[PDB]
>>> print(open('run31.cif').read())   # mmCIF, N, CA and C atoms and all ligand atoms
data_upload
#
loop_
_atom_site.label_atom_id
_atom_site.label_comp_id
_atom_site.auth_asym_id
_atom_site.auth_seq_id
_atom_site.Cartn_x
_atom_site.Cartn_y
_atom_site.Cartn_z
N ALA Z 1 154.84 -64.54 243.97
CA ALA Z 1 155.40 -65.63 244.83
C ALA Z 1 156.93 -65.69 244.63
N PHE Z 2 157.77 -65.05 245.50
CA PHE Z 2 157.42 -64.14 246.60
C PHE Z 2 157.16 -62.71 246.08
N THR Z 3 157.75 -62.38 244.89
CA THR Z 3 157.82 -60.98 244.43
C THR Z 3 156.40 -60.46 244.05
N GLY Z 4 156.25 -59.09 244.14
CA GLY Z 4 155.10 -58.40 243.59
C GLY Z 4 154.63 -57.18 244.40
N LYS Z 5 153.57 -56.53 243.81
CA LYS Z 5 152.79 -55.47 244.48
C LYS Z 5 151.50 -56.18 244.94
N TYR Z 6 151.35 -56.29 246.29
CA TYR Z 6 150.20 -56.94 246.91
C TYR Z 6 149.35 -55.86 247.58
N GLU Z 7 147.99 -56.02 247.48
CA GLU Z 7 147.07 -55.21 248.28
C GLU Z 7 146.58 -56.10 249.45
N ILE Z 8 146.06 -55.45 250.53
CA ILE Z 8 145.56 -56.21 251.68
C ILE Z 8 144.20 -56.87 251.26
N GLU Z 9 144.12 -58.23 251.53
CA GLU Z 9 142.88 -59.01 251.37
C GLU Z 9 142.04 -58.80 252.65
N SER Z 10 142.71 -58.87 253.85
CA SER Z 10 142.09 -58.60 255.16
C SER Z 10 143.14 -58.68 256.30
N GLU Z 11 142.73 -58.08 257.48
CA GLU Z 11 143.46 -58.11 258.75
C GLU Z 11 142.40 -58.24 259.86
N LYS Z 12 142.86 -58.70 261.08
CA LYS Z 12 141.89 -58.93 262.15
C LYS Z 12 142.45 -58.84 263.58
N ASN Z 13 143.65 -58.16 263.74
CA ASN Z 13 144.24 -58.15 265.09
C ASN Z 13 145.21 -56.98 265.35
N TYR Z 14 145.11 -55.91 264.48
CA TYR Z 14 146.23 -54.97 264.38
C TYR Z 14 146.32 -54.11 265.66
N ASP Z 15 145.11 -53.62 266.11
CA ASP Z 15 145.03 -52.48 267.04
C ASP Z 15 145.76 -52.85 268.34
N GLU Z 16 145.41 -54.09 268.85
CA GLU Z 16 145.99 -54.59 270.09
C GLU Z 16 147.48 -54.94 269.96
N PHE Z 17 147.90 -55.30 268.71
CA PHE Z 17 149.31 -55.61 268.44
C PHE Z 17 150.16 -54.33 268.61
N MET Z 18 149.57 -53.15 268.19
CA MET Z 18 150.37 -51.92 268.13
C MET Z 18 150.80 -51.50 269.56
N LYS Z 19 149.91 -51.85 270.56
CA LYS Z 19 150.15 -51.52 271.96
C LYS Z 19 151.28 -52.39 272.56
N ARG Z 20 151.40 -53.66 272.02
CA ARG Z 20 152.49 -54.54 272.46
C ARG Z 20 153.85 -54.13 271.83
N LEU Z 21 153.75 -53.48 270.61
CA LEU Z 21 154.92 -52.97 269.92
C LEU Z 21 155.40 -51.63 270.53
N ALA Z 22 154.41 -50.86 271.09
CA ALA Z 22 154.61 -49.49 271.56
C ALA Z 22 154.74 -48.52 270.36
N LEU Z 23 153.73 -48.64 269.42
CA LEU Z 23 153.54 -47.62 268.40
C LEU Z 23 152.52 -46.57 268.87
N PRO Z 24 152.60 -45.33 268.25
CA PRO Z 24 151.86 -44.21 268.78
C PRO Z 24 150.41 -44.20 268.26
N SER Z 25 149.72 -43.10 268.71
CA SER Z 25 148.34 -42.86 268.32
C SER Z 25 148.26 -42.54 266.82
N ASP Z 26 149.27 -41.76 266.31
CA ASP Z 26 149.41 -41.36 264.89
C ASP Z 26 150.04 -42.53 264.07
N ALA Z 27 149.41 -43.73 264.31
CA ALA Z 27 149.65 -44.93 263.54
C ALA Z 27 148.45 -45.88 263.70
N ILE Z 28 147.86 -45.84 264.95
CA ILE Z 28 146.73 -46.69 265.30
C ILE Z 28 145.42 -46.11 264.73
N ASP Z 29 145.34 -44.76 264.64
CA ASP Z 29 144.24 -44.09 263.97
C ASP Z 29 144.30 -44.32 262.44
N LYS Z 30 145.52 -44.11 261.84
CA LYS Z 30 145.57 -43.86 260.40
C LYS Z 30 145.68 -45.16 259.60
N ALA Z 31 145.63 -46.31 260.35
CA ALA Z 31 145.39 -47.61 259.75
C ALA Z 31 143.92 -48.08 259.83
N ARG Z 32 143.00 -47.20 260.35
CA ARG Z 32 141.65 -47.63 260.71
C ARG Z 32 140.77 -47.87 259.45
N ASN Z 33 141.02 -49.08 258.84
CA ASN Z 33 140.28 -49.60 257.69
C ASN Z 33 140.84 -49.03 256.37
N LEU Z 34 142.21 -48.85 256.33
CA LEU Z 34 142.85 -48.58 255.06
C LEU Z 34 143.02 -49.89 254.25
N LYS Z 35 143.09 -49.67 252.89
CA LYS Z 35 143.66 -50.66 251.99
C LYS Z 35 145.18 -50.36 252.01
N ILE Z 36 145.89 -51.12 252.92
CA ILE Z 36 147.36 -51.10 252.96
C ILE Z 36 147.82 -51.92 251.73
N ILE Z 37 149.05 -51.56 251.23
CA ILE Z 37 149.65 -52.20 250.07
C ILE Z 37 151.02 -52.74 250.54
N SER Z 38 151.19 -54.10 250.41
CA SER Z 38 152.49 -54.72 250.66
C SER Z 38 153.24 -54.78 249.32
N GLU Z 39 154.38 -54.02 249.23
CA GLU Z 39 155.27 -54.14 248.08
C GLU Z 39 156.36 -55.15 248.49
N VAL Z 40 156.81 -55.99 247.50
CA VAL Z 40 157.84 -56.99 247.74
C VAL Z 40 158.69 -57.05 246.46
N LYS Z 41 159.81 -56.23 246.47
CA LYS Z 41 160.88 -56.45 245.50
C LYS Z 41 161.86 -57.42 246.20
N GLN Z 42 162.09 -58.59 245.51
CA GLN Z 42 163.09 -59.56 245.96
C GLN Z 42 164.35 -59.24 245.13
N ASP Z 43 165.53 -59.24 245.82
CA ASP Z 43 166.81 -58.91 245.19
C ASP Z 43 167.56 -60.24 244.88
N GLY Z 44 167.30 -61.27 245.77
CA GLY Z 44 167.71 -62.63 245.49
C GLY Z 44 167.51 -63.42 246.78
N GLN Z 45 168.64 -63.54 247.55
CA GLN Z 45 168.59 -63.91 248.97
C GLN Z 45 168.27 -62.64 249.82
N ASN Z 46 168.53 -61.45 249.17
CA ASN Z 46 168.18 -60.17 249.77
C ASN Z 46 166.75 -59.84 249.32
N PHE Z 47 166.10 -58.96 250.14
CA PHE Z 47 164.73 -58.53 249.91
C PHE Z 47 164.65 -57.04 250.21
N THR Z 48 163.65 -56.39 249.52
CA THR Z 48 163.27 -55.00 249.75
C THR Z 48 161.73 -55.03 249.85
N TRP Z 49 161.29 -55.28 251.13
CA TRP Z 49 159.86 -55.31 251.47
C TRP Z 49 159.42 -53.86 251.75
N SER Z 50 158.08 -53.63 251.58
CA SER Z 50 157.46 -52.39 252.04
C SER Z 50 155.99 -52.66 252.38
N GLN Z 51 155.52 -51.96 253.46
CA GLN Z 51 154.09 -51.85 253.78
C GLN Z 51 153.75 -50.36 253.59
N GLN Z 52 153.15 -50.08 252.38
CA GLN Z 52 152.73 -48.74 252.02
C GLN Z 52 151.25 -48.54 252.42
N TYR Z 53 150.92 -47.23 252.67
CA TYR Z 53 149.98 -46.92 253.76
C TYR Z 53 149.37 -45.55 253.39
N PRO Z 54 148.18 -45.53 252.69
CA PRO Z 54 147.64 -44.28 252.13
C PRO Z 54 146.98 -43.39 253.22
N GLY Z 55 147.88 -42.93 254.16
CA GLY Z 55 147.49 -42.17 255.33
C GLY Z 55 148.65 -41.29 255.82
N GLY Z 56 149.64 -41.06 254.89
CA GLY Z 56 150.67 -40.06 255.09
C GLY Z 56 151.92 -40.57 255.83
N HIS Z 57 151.99 -41.94 255.97
CA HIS Z 57 153.19 -42.63 256.48
C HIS Z 57 153.40 -43.83 255.53
N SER Z 58 154.47 -44.65 255.77
CA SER Z 58 154.76 -45.91 255.04
C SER Z 58 156.01 -46.51 255.70
N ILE Z 59 156.25 -47.84 255.45
CA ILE Z 59 157.28 -48.59 256.16
C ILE Z 59 158.00 -49.51 255.15
N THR Z 60 159.21 -49.05 254.70
CA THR Z 60 160.11 -49.86 253.85
C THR Z 60 161.04 -50.67 254.78
N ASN Z 61 161.62 -51.79 254.22
CA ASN Z 61 162.60 -52.62 254.93
C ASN Z 61 163.40 -53.43 253.90
N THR Z 62 164.74 -53.15 253.85
CA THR Z 62 165.67 -54.03 253.13
C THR Z 62 166.18 -55.05 254.16
N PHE Z 63 166.24 -56.35 253.73
CA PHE Z 63 166.68 -57.43 254.62
C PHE Z 63 167.38 -58.54 253.80
N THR Z 64 168.03 -59.49 254.56
CA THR Z 64 168.71 -60.67 253.97
C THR Z 64 168.26 -61.92 254.74
N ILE Z 65 167.98 -63.02 253.98
CA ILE Z 65 167.63 -64.31 254.59
C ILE Z 65 168.92 -65.10 254.93
N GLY Z 66 168.86 -65.79 256.12
CA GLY Z 66 169.99 -66.58 256.58
C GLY Z 66 171.06 -65.72 257.27
N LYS Z 67 170.56 -64.70 258.04
CA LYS Z 67 171.42 -63.67 258.59
C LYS Z 67 170.66 -63.02 259.76
N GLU Z 68 171.41 -62.22 260.60
CA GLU Z 68 170.76 -61.14 261.32
C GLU Z 68 170.73 -59.88 260.43
N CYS Z 69 169.66 -59.05 260.65
CA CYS Z 69 169.60 -57.69 260.14
C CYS Z 69 169.33 -56.77 261.34
N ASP Z 70 169.73 -55.47 261.14
CA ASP Z 70 169.46 -54.42 262.13
C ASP Z 70 168.11 -53.81 261.73
N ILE Z 71 167.36 -53.34 262.77
CA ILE Z 71 166.04 -52.74 262.58
C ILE Z 71 165.87 -51.61 263.63
N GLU Z 72 165.38 -50.43 263.12
CA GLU Z 72 165.27 -49.23 263.92
C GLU Z 72 163.84 -48.69 263.78
N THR Z 73 163.57 -47.61 264.59
CA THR Z 73 162.51 -46.63 264.36
C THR Z 73 161.13 -47.05 264.90
N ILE Z 74 160.72 -48.34 264.63
CA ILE Z 74 159.32 -48.74 264.73
C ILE Z 74 159.00 -48.94 266.24
N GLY Z 75 158.68 -47.75 266.87
CA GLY Z 75 158.51 -47.62 268.31
C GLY Z 75 159.81 -47.29 269.05
N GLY Z 76 160.80 -46.69 268.30
CA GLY Z 76 161.87 -45.95 268.97
C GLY Z 76 162.96 -46.81 269.63
N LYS Z 77 163.04 -48.11 269.17
CA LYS Z 77 164.14 -48.97 269.59
C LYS Z 77 165.16 -49.05 268.42
N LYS Z 78 166.32 -49.68 268.78
CA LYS Z 78 167.37 -50.11 267.85
C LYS Z 78 167.54 -51.60 268.19
N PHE Z 79 166.84 -52.47 267.39
CA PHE Z 79 166.93 -53.92 267.55
C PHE Z 79 167.87 -54.49 266.47
N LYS Z 80 168.47 -55.70 266.80
CA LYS Z 80 168.78 -56.65 265.75
C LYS Z 80 167.64 -57.69 265.72
N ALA Z 81 167.59 -58.43 264.56
CA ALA Z 81 166.64 -59.50 264.35
C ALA Z 81 167.31 -60.56 263.48
N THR Z 82 167.00 -61.86 263.81
CA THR Z 82 167.34 -62.96 262.90
C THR Z 82 166.26 -63.00 261.81
N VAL Z 83 166.73 -63.31 260.56
CA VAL Z 83 165.88 -63.24 259.38
C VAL Z 83 166.20 -64.50 258.55
N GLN Z 84 165.09 -65.20 258.16
CA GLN Z 84 165.14 -66.63 257.89
C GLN Z 84 164.03 -67.00 256.90
N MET Z 85 164.20 -68.25 256.36
CA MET Z 85 163.12 -68.95 255.67
C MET Z 85 162.85 -70.17 256.58
N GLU Z 86 161.57 -70.22 257.08
CA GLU Z 86 161.04 -71.46 257.63
C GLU Z 86 160.57 -72.26 256.38
N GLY Z 87 159.95 -73.47 256.62
CA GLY Z 87 159.80 -74.41 255.52
C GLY Z 87 158.76 -73.95 254.47
N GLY Z 88 159.28 -73.16 253.47
CA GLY Z 88 158.50 -72.58 252.39
C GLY Z 88 158.08 -71.11 252.61
N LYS Z 89 157.95 -70.75 253.94
CA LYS Z 89 157.57 -69.38 254.32
C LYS Z 89 158.83 -68.59 254.71
N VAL Z 90 158.80 -67.26 254.43
CA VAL Z 90 159.83 -66.33 254.93
C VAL Z 90 159.46 -66.00 256.39
N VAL Z 91 160.47 -65.48 257.15
CA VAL Z 91 160.27 -65.18 258.56
C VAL Z 91 161.33 -64.17 259.09
N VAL Z 92 160.81 -63.23 259.95
CA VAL Z 92 161.65 -62.44 260.85
C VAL Z 92 161.38 -62.98 262.28
N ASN Z 93 162.49 -63.06 263.08
CA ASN Z 93 162.48 -63.63 264.44
C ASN Z 93 163.42 -62.76 265.30
N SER Z 94 162.93 -62.32 266.50
CA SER Z 94 163.70 -61.41 267.37
C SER Z 94 163.18 -61.49 268.82
N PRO Z 95 163.84 -60.78 269.81
CA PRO Z 95 163.45 -60.94 271.21
C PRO Z 95 162.01 -60.45 271.46
N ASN Z 96 161.14 -61.45 271.87
CA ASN Z 96 159.72 -61.21 272.14
C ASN Z 96 158.93 -60.99 270.83
N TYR Z 97 159.36 -61.74 269.74
CA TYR Z 97 158.79 -61.46 268.42
C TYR Z 97 159.12 -62.57 267.39
N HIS Z 98 158.03 -63.21 266.84
CA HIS Z 98 158.13 -64.10 265.66
C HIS Z 98 157.21 -63.45 264.60
N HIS Z 99 157.59 -63.62 263.29
CA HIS Z 99 156.80 -63.04 262.20
C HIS Z 99 157.07 -63.86 260.95
N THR Z 100 156.19 -64.90 260.73
CA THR Z 100 156.25 -65.66 259.49
C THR Z 100 155.52 -64.89 258.36
N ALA Z 101 155.81 -65.37 257.10
CA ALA Z 101 155.33 -64.75 255.87
C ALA Z 101 155.26 -65.89 254.82
N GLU Z 102 154.06 -66.55 254.82
CA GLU Z 102 153.72 -67.74 254.03
C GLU Z 102 152.96 -67.32 252.75
N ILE Z 103 152.97 -68.25 251.73
CA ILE Z 103 152.23 -68.08 250.49
C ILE Z 103 151.02 -69.06 250.48
N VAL Z 104 149.85 -68.52 249.98
CA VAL Z 104 148.74 -69.39 249.57
C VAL Z 104 147.97 -68.64 248.46
N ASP Z 105 147.35 -69.40 247.50
CA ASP Z 105 146.51 -68.81 246.44
C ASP Z 105 147.19 -67.74 245.51
N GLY Z 106 148.57 -67.70 245.61
CA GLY Z 106 149.36 -66.65 245.00
C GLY Z 106 149.49 -65.36 245.84
N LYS Z 107 148.67 -65.30 246.93
CA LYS Z 107 148.72 -64.28 247.96
C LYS Z 107 149.80 -64.59 249.00
N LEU Z 108 150.09 -63.52 249.81
CA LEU Z 108 150.87 -63.64 251.04
C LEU Z 108 149.87 -63.83 252.20
N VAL Z 109 150.27 -64.72 253.16
CA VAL Z 109 149.70 -64.78 254.50
C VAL Z 109 150.88 -64.44 255.43
N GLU Z 110 150.72 -63.34 256.24
CA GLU Z 110 151.66 -63.16 257.35
C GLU Z 110 150.98 -63.65 258.63
N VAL Z 111 151.85 -64.11 259.59
CA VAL Z 111 151.43 -64.28 260.99
C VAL Z 111 152.57 -63.67 261.83
N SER Z 112 152.24 -62.52 262.51
CA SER Z 112 153.09 -62.00 263.56
C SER Z 112 152.61 -62.55 264.92
N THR Z 113 153.60 -62.66 265.86
CA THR Z 113 153.36 -63.19 267.21
C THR Z 113 154.32 -62.43 268.12
N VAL Z 114 153.70 -61.78 269.16
CA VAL Z 114 154.38 -60.89 270.12
C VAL Z 114 153.95 -61.37 271.52
N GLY Z 115 154.45 -60.64 272.57
CA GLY Z 115 154.13 -61.04 273.93
C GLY Z 115 152.63 -60.90 274.25
N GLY Z 116 151.95 -62.09 274.11
CA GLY Z 116 150.56 -62.24 274.50
C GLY Z 116 149.50 -61.95 273.43
N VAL Z 117 149.95 -61.66 272.16
CA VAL Z 117 149.03 -61.41 271.05
C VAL Z 117 149.67 -62.06 269.79
N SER Z 118 148.77 -62.50 268.84
CA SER Z 118 149.21 -62.72 267.46
C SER Z 118 148.38 -61.84 266.52
N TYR Z 119 148.91 -61.69 265.28
CA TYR Z 119 148.39 -60.74 264.29
C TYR Z 119 148.75 -61.32 262.93
N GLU Z 120 147.70 -61.99 262.36
CA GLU Z 120 147.73 -62.45 261.00
C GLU Z 120 147.18 -61.38 260.04
N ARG Z 121 147.70 -61.54 258.78
CA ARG Z 121 147.40 -60.66 257.68
C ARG Z 121 147.25 -61.59 256.48
N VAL Z 122 146.31 -61.21 255.57
CA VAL Z 122 146.21 -61.84 254.27
C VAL Z 122 146.29 -60.70 253.23
N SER Z 123 147.35 -60.80 252.35
CA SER Z 123 147.68 -59.76 251.36
C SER Z 123 147.64 -60.39 249.97
N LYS Z 124 146.63 -59.94 249.14
CA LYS Z 124 146.43 -60.46 247.80
C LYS Z 124 147.40 -59.84 246.79
N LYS Z 125 147.93 -60.74 245.89
CA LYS Z 125 148.61 -60.26 244.70
C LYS Z 125 147.55 -60.18 243.59
N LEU Z 126 147.43 -58.93 243.02
CA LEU Z 126 146.44 -58.68 241.96
C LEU Z 126 146.85 -57.50 241.05
N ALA Z 127 148.21 -57.25 241.04
CA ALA Z 127 148.82 -56.23 240.19
C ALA Z 127 150.30 -56.59 240.00
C1 LIG M 201 161.48 -55.89 264.62
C2 LIG M 201 160.20 -55.09 264.89
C3 LIG M 201 159.69 -55.40 266.32
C4 LIG M 201 160.69 -55.14 267.44
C5 LIG M 201 159.98 -54.94 268.76
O1 LIG M 201 159.53 -53.83 269.09
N1 LIG M 201 159.83 -56.06 269.53
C6 LIG M 201 159.36 -55.97 270.91
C7 LIG M 201 157.86 -55.75 271.04
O2 LIG M 201 157.01 -56.08 270.23
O3 LIG M 201 157.53 -55.15 272.20
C8 LIG M 201 159.10 -55.39 263.83
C9 LIG M 201 157.72 -54.78 264.21
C10 LIG M 201 156.93 -54.59 262.91
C11 LIG M 201 157.82 -55.22 261.85
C12 LIG M 201 157.54 -54.85 260.39
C13 LIG M 201 156.07 -55.13 259.98
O4 LIG M 201 155.66 -56.45 260.35
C14 LIG M 201 155.82 -54.95 258.48
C15 LIG M 201 156.85 -55.65 257.57
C16 LIG M 201 156.60 -57.17 257.52
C17 LIG M 201 157.61 -57.92 256.66
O5 LIG M 201 157.37 -59.33 256.75
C18 LIG M 201 159.04 -57.62 257.09
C19 LIG M 201 159.29 -56.12 257.05
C20 LIG M 201 158.32 -55.31 257.96
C21 LIG M 201 158.57 -53.81 257.65
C22 LIG M 201 158.54 -55.62 259.48
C23 LIG M 201 160.01 -55.43 259.95
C24 LIG M 201 160.22 -55.76 261.45
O6 LIG M 201 160.00 -57.16 261.64
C25 LIG M 201 159.26 -54.94 262.34
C26 LIG M 201 159.64 -53.44 262.27
#
>>> encode(input="run31.cif", output="structure tokens")
Amino acid sequence: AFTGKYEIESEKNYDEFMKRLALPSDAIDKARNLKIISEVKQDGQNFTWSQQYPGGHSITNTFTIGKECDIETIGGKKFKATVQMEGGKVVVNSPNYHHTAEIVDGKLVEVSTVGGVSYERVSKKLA
């Protein structure tokens, strides 16, 4: 809380979210019932998040709270995003995209929200 190596507790909306993001087939297949691992090194107000992915890909992200950050690659755009703490939860916010990151039970709860879909995640800290 916030820092740690978290494993996925569960997910329930990923496949349809990927189509709204415009991610490829070689991402929608290779998440099909993996134990994804959320790594979270906090630097202070800065963060070094990762969603590691035992299927031959992975997604790191360094960011800062109370700022915009630049974001590339994930479906072939070059976005900026506002990056923030909502009340107790961390959050990324950008055009056609909200993504909170709340704590409960010592675990992370994420909720992503895109054009016409949401995608919650529950990621347990247990290492
Ligand atoms: C900014 C882009 C989305 C931009 C976009 O394509 N919007 C239009 C659209 O959806 O059509 C999002 C999509 C997936 C996000 C990542 C995933 O949710 C996983 C992970 C979640 C963490 O809370 C913050 C870091 C990050 C790597 C996230 C960084 C960033 O928040 C990403 C890379």
>>> residues_near_ligand(input="run31.cif", ligand="ligand LIG 201 (chain M)", cutoff="8 Å", atoms="all atoms listed in the file", output="VMD selection string")
chain Z and resid 17 to 23 48 to 51 58 to 63 70 to 81 90 to 101 110 to 115
>>> write_last_selection(input="run31.cif", atoms="N, CA and C atoms", output="short mmCIF file (atom, residue, chain, number, x, y, z; two decimals), in the frame of the given file")
data_model
loop_
_atom_site.label_atom_id
_atom_site.label_comp_id
_atom_site.auth_asym_id
_atom_site.auth_seq_id
_atom_site.Cartn_x
_atom_site.Cartn_y
_atom_site.Cartn_z
N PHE Z 17 147.90 -55.30 268.71
CA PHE Z 17 149.31 -55.61 268.44
C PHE Z 17 150.16 -54.33 268.61
N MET Z 18 149.57 -53.15 268.19
CA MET Z 18 150.37 -51.92 268.13
C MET Z 18 150.80 -51.50 269.56
N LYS Z 19 149.91 -51.85 270.56
CA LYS Z 19 150.15 -51.52 271.96
C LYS Z 19 151.28 -52.39 272.56
N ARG Z 20 151.40 -53.66 272.02
CA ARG Z 20 152.49 -54.54 272.46
C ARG Z 20 153.85 -54.13 271.83
N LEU Z 21 153.75 -53.48 270.61
CA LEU Z 21 154.92 -52.97 269.92
C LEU Z 21 155.40 -51.63 270.53
N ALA Z 22 154.41 -50.86 271.09
CA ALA Z 22 154.61 -49.49 271.56
C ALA Z 22 154.74 -48.52 270.36
N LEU Z 23 153.73 -48.64 269.42
CA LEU Z 23 153.54 -47.62 268.40
C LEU Z 23 152.52 -46.57 268.87
N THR Z 48 163.65 -56.39 249.52
CA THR Z 48 163.27 -55.00 249.75
C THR Z 48 161.73 -55.03 249.85
N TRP Z 49 161.29 -55.28 251.13
CA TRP Z 49 159.86 -55.31 251.47
C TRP Z 49 159.42 -53.86 251.75
N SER Z 50 158.08 -53.63 251.58
CA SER Z 50 157.46 -52.39 252.04
C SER Z 50 155.99 -52.66 252.38
N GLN Z 51 155.52 -51.96 253.46
CA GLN Z 51 154.09 -51.85 253.78
C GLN Z 51 153.75 -50.36 253.59
N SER Z 58 154.47 -44.65 255.77
CA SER Z 58 154.76 -45.91 255.04
C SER Z 58 156.01 -46.51 255.70
N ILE Z 59 156.25 -47.84 255.45
CA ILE Z 59 157.28 -48.59 256.16
C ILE Z 59 158.00 -49.51 255.15
N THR Z 60 159.21 -49.05 254.70
CA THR Z 60 160.11 -49.86 253.85
C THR Z 60 161.04 -50.67 254.78
N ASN Z 61 161.62 -51.79 254.22
CA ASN Z 61 162.60 -52.62 254.93
C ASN Z 61 163.40 -53.43 253.90
N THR Z 62 164.74 -53.15 253.85
CA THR Z 62 165.67 -54.03 253.13
C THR Z 62 166.18 -55.05 254.16
N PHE Z 63 166.24 -56.35 253.73
CA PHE Z 63 166.68 -57.43 254.62
C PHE Z 63 167.38 -58.54 253.80
N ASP Z 70 169.73 -55.47 261.14
CA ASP Z 70 169.46 -54.42 262.13
C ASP Z 70 168.11 -53.81 261.73
N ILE Z 71 167.36 -53.34 262.77
CA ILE Z 71 166.04 -52.74 262.58
C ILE Z 71 165.87 -51.61 263.63
N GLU Z 72 165.38 -50.43 263.12
CA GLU Z 72 165.27 -49.23 263.92
C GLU Z 72 163.84 -48.69 263.78
N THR Z 73 163.57 -47.61 264.59
CA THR Z 73 162.51 -46.63 264.36
C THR Z 73 161.13 -47.05 264.90
N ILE Z 74 160.72 -48.34 264.63
CA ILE Z 74 159.32 -48.74 264.73
C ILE Z 74 159.00 -48.94 266.24
N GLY Z 75 158.68 -47.75 266.87
CA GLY Z 75 158.51 -47.62 268.31
C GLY Z 75 159.81 -47.29 269.05
N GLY Z 76 160.80 -46.69 268.30
CA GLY Z 76 161.87 -45.95 268.97
C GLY Z 76 162.96 -46.81 269.63
N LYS Z 77 163.04 -48.11 269.17
CA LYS Z 77 164.14 -48.97 269.59
C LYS Z 77 165.16 -49.05 268.42
N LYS Z 78 166.32 -49.68 268.78
CA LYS Z 78 167.37 -50.11 267.85
C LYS Z 78 167.54 -51.60 268.19
N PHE Z 79 166.84 -52.47 267.39
CA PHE Z 79 166.93 -53.92 267.55
C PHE Z 79 167.87 -54.49 266.47
N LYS Z 80 168.47 -55.70 266.80
CA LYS Z 80 168.78 -56.65 265.75
C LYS Z 80 167.64 -57.69 265.72
N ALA Z 81 167.59 -58.43 264.56
CA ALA Z 81 166.64 -59.50 264.35
C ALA Z 81 167.31 -60.56 263.48
N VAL Z 90 158.80 -67.26 254.43
CA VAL Z 90 159.83 -66.33 254.93
C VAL Z 90 159.46 -66.00 256.39
N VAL Z 91 160.47 -65.48 257.15
CA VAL Z 91 160.27 -65.18 258.56
C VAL Z 91 161.33 -64.17 259.09
N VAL Z 92 160.81 -63.23 259.95
CA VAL Z 92 161.65 -62.44 260.85
C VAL Z 92 161.38 -62.98 262.28
N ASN Z 93 162.49 -63.06 263.08
CA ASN Z 93 162.48 -63.63 264.44
C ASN Z 93 163.42 -62.76 265.30
N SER Z 94 162.93 -62.32 266.50
CA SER Z 94 163.70 -61.41 267.37
C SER Z 94 163.18 -61.49 268.82
N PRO Z 95 163.84 -60.78 269.81
CA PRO Z 95 163.45 -60.94 271.21
C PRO Z 95 162.01 -60.45 271.46
N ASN Z 96 161.14 -61.45 271.87
CA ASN Z 96 159.72 -61.21 272.14
C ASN Z 96 158.93 -60.99 270.83
N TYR Z 97 159.36 -61.74 269.74
CA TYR Z 97 158.79 -61.46 268.42
C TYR Z 97 159.12 -62.57 267.39
N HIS Z 98 158.03 -63.21 266.84
CA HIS Z 98 158.13 -64.10 265.66
C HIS Z 98 157.21 -63.45 264.60
N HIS Z 99 157.59 -63.62 263.29
CA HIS Z 99 156.80 -63.04 262.20
C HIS Z 99 157.07 -63.86 260.95
N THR Z 100 156.19 -64.90 260.73
CA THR Z 100 156.25 -65.66 259.49
C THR Z 100 155.52 -64.89 258.36
N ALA Z 101 155.81 -65.37 257.10
CA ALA Z 101 155.33 -64.75 255.87
C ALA Z 101 155.26 -65.89 254.82
N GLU Z 110 150.72 -63.34 256.24
CA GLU Z 110 151.66 -63.16 257.35
C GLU Z 110 150.98 -63.65 258.63
N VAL Z 111 151.85 -64.11 259.59
CA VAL Z 111 151.43 -64.28 260.99
C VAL Z 111 152.57 -63.67 261.83
N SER Z 112 152.24 -62.52 262.51
CA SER Z 112 153.09 -62.00 263.56
C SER Z 112 152.61 -62.55 264.92
N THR Z 113 153.60 -62.66 265.86
CA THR Z 113 153.36 -63.19 267.21
C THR Z 113 154.32 -62.43 268.12
N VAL Z 114 153.70 -61.78 269.16
CA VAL Z 114 154.38 -60.89 270.12
C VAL Z 114 153.95 -61.37 271.52
N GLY Z 115 154.45 -60.64 272.57
CA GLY Z 115 154.13 -61.04 273.93
C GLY Z 115 152.63 -60.90 274.25
#
>>> closest_residue(input="run31.cif", among="Z:4, Z:66, Z:55, Z:24", to="residue Z:42", atoms="all atoms listed in the file")
Z:4
>>> atom_distance(input="run31.cif", atom1="atom CA of residue Z:119", atom2="atom CA of residue Z:3")
22.0 Å
>>> select_by_dssp(input="run31.cif", residues="chain Z", states="strand (DSSP E or B)", output="PyMOL selection string")
chain Z and resi 4-11+37-42+46-53+57-64+67-72+78-85+90-94+97-104+107-114+117-125
>>> atom_distance(input="run31.cif", atom1="atom CA of residue Z:102", atom2="atom N of residue Z:57")
25.9 Å
>>> atom_distance(input="run31.cif", atom1="atom CA of residue Z:69", atom2="atom CA of residue Z:83")
6.7 Å
>>> axis_aligned_box(input="run31.cif", around="stretch 57-75 of chain Z", padding_each_side="8 Å", output="AutoDock Vina command-line options")
--center_x 161.7 --center_y -54.3 --center_z 261.1 --size_x 35.4 --size_y 40.6 --size_z 31.9
>>> closest_residue(input="run31.cif", among="Z:89, Z:5, Z:12, Z:41", to="residue Z:118", atoms="only C-alpha atoms")
Z:12
>>> closest_residue(input="run31.cif", among="Z:15, Z:105, Z:7, Z:68", to="residue Z:38", atoms="all atoms listed in the file")
Z:7
>>> select_by_dssp(input="run31.cif", residues="chain Z", states="alpha helix (DSSP H)", output="JSON, numbers by chain")
{"Z": [14, 15, 16, 17, 18, 19, 20, 21, 25, 26, 27, 28]}
>>> residues_around(input="run31.cif", residues="residue Z:30", least_positions_apart="3", cutoff="8 Å", atoms="only N, CA and C atoms", output="MDAnalysis selection string")
chainID Z and resid 25:27 33:34 53:57
>>> residues_around(input="run31.cif", residues="residue Z:108", least_positions_apart="2", cutoff="9 Å", atoms="only C-alpha atoms", output="JSON, numbers by chain")
{"Z": [1, 2, 6, 101, 102, 103, 104, 105, 106, 110, 121, 122, 123, 124, 125]}
